[PDB]
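Take a look at the structure below.
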Amino acid sequence: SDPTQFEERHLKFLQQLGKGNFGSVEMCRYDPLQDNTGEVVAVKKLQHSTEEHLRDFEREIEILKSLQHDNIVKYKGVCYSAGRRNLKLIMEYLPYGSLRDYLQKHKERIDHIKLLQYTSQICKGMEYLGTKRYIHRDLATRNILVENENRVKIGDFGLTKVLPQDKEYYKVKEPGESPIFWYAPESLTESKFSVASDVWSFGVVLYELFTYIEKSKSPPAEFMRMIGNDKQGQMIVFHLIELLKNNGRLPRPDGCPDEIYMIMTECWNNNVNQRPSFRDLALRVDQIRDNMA
Ligand SMILES: Fc1cc(-c2cccc3ncc(-c4cnn(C5CCNCC5)c4)nc23)cc(F)c1CN1CCOCC1
């Protein structure tokens with residue numbers, strides 16, 4: 001009767017899709033007729049469903065349910081367990097998988113024009129997210145999905161935070177998961193996240209795309225090279241902070257057009273106020289696409 005309420009006993013496990021950030025995503029068929037004709041869906045669940053994790057996950061579900069945009073993965077519904085009230089998030093299944101894996105596999109057939117189409121789409125998803133005063137915090141190609149050859153979507157919201165009514169940043173007091181090699185300097189030093197730190201991370205995504213996910217050129221590999229591979233644990237963060245303060249940055253990807261490299265470097269401004277807006281990034285990227293087309 002209500003198609004957003006899924007009964008977990010009808011979800012048949014097909015394959016695991018990924019594991020991380022204290023969660024897992026599976027491919028399942030929702031098959032109440034038990035004849036293998038039901039709809040294939042993506043299901044996100046918790047590995048460790050403590051009360052603290054369940055509270056955070058229900059906010060994540062509300063965030064995703066509130067978003068309706070061509071470049072954001074579609075919410076379909078939820079599962080509730082009897083008693084302890086474990087939760088599963090049901091989403092559309094996007095069959096080409098993560099943009100990270102897709103580009104790693106098809107780098108030979110994906111030209112700059114196509115990379116800029118994806119870039120534009122990522123910018124548009126993020127601009128829309130910003131209109132709801134949500135801060136993604138975890139923008140990376142591993143969290144972006146490919147629906148088909150012409151459309152990508154932002155595909156996970158596990159670190160996403162809602163800005164306070166009175167402030168333009170959110171401070172995380174006791175972080176767990178921290179993708180530090182995608183983090184703005186002020187996020188490393190003060191745990192402060194904003195639309196502007198999302199723009200910094202978007203610059204790292206653009207780097208990822210134009211390196212075609214070459215492992216030796218990944219942001220972790222390059223930053224560890226620049227600070228020294230001898231640095232370990234909390235010393236990595238200390239030295240990364242000092243590097244960024246001195247305008248140490250990821251290099252230009254081999255063969256990257258100047259106009260795109262310039263955008264990357266503008267996103268990586270130490271001065272938070274000088275970073276471009278997602279509205280202006282989408283305009284600029286679409287102008288470049290037009291110039292190339
Ligand atoms: F960020 C993610 C998002 C998803 C995800 C979210 C929502 C819908 C999805 N639809 C399809 C696929 C997907 C992924 N790979 N494939 C391939 C399967 C074999 N055929 C080729 C395509 C399909 N992944 C989907 C899965 C993940 F895993 C991560 C990454 N993290 C996982 C842990 O939680 C945090 C995010």
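A short reminder: the numbers here are calculations on the coordinates, not readings from a lab. Cβ: placed from backbone, ideal geometry, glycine included. Neighbour counts: every protein chain shown.
Give me the residue from the stretch 33-56 that is over 13 Å from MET91 (Cα atoms), under 22 Å from the mean Cα position of the chain (by Cα) and touching a residue at least 12 places away in the same chain (Cβ under 8 Å) and, out of that set, farthest from the ligand (Cβ to nearest atom).
So the first thing to find is which residues in the stretch 33-56 are over 13 Å from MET91 (Cα atoms), and the list is 33-38, 46-56.
Imposing the further condition that a residue be under 22 Å from the mean Cα position of the chain (by Cα) reduces the set to 46-48, 53-56.
Going one step further and asking which of them are touching a residue at least 12 places away in the same chain (Cβ under 8 Å), we end up with 46-48, 53-54.
On the way: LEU46: 10, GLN47: 9, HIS48: 13, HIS53: 12, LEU54: 15 Å.
Once the filter is applied, the top-ranked residue is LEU54.
Just the residues that are without any contact (Cβ under 8 Å) to a residue 40 or more places away in the chain and not in a loop (DSSP other than H, G, I, E, B), please, taken from the stretch 1-19.
Selection gives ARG9, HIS10, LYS12, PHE13, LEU14, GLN15, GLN16, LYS19.
I'm checking my understanding of the structure. Among residues of the stretch 17-32 that are under 13 Å from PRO95 (Cα atoms) and more than 8 Å from the ligand (Cβ to nearest atom), which one is farthest from the chain's Cα centre (by Cα)?
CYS28
Any residue at all in the stretch 57-70 that's closer than 17 Å to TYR93 by Cβ, within 11 Å of the ligand (Cβ to nearest atom) and either out of contact with any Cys (no Cβ under 6 Å at 6 or more places or on another chain) or among the aromatic types (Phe, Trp, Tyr) (or both)?
Checked the stretch 57-70: at least one residue is closer than 17 Å to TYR93 by Cβ, within 11 Å of the ligand (Cβ to nearest atom) and either out of contact with any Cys (no Cβ under 6 Å at 6 or more places or on another chain) or among the aromatic types (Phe, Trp, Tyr) (or both).
Using the structure shown, decide if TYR102 is surrounded by 13 or more Cβ atoms within 10 Å (Cβ to Cβ) and either away from the ligand (no atom under 12 Å from the Cβ) or part of a loop (DSSP other than H, G, I, E, B) (or both). Before you say what the answer is, go through the steps one by one.
On the way: surrounded by 13 or more Cβ atoms within 10 Å (Cβ to Cβ): yes; either away from the ligand (no atom under 12 Å from the Cβ) or part of a loop (DSSP other than H, G, I, E, B) (or both): no.
So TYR102 does not fit the description; no.
Residues are listed down the side, and each one gets a yes or a no for (1) closer than 18 Å to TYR207 by Cα; (2) touching a residue at least 24 places away in the same chain (Cβ under 8 Å); (3) within 9 Å of the ligand (Cβ to nearest atom):
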| site | (1), (2), (3) |
| --- | --- |
| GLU92 | no, yes, yes |
| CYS123 | yes, yes, no |
| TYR134 | no, yes, no |
| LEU139 | yes, yes, no |
| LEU145 | yes, yes, yes |
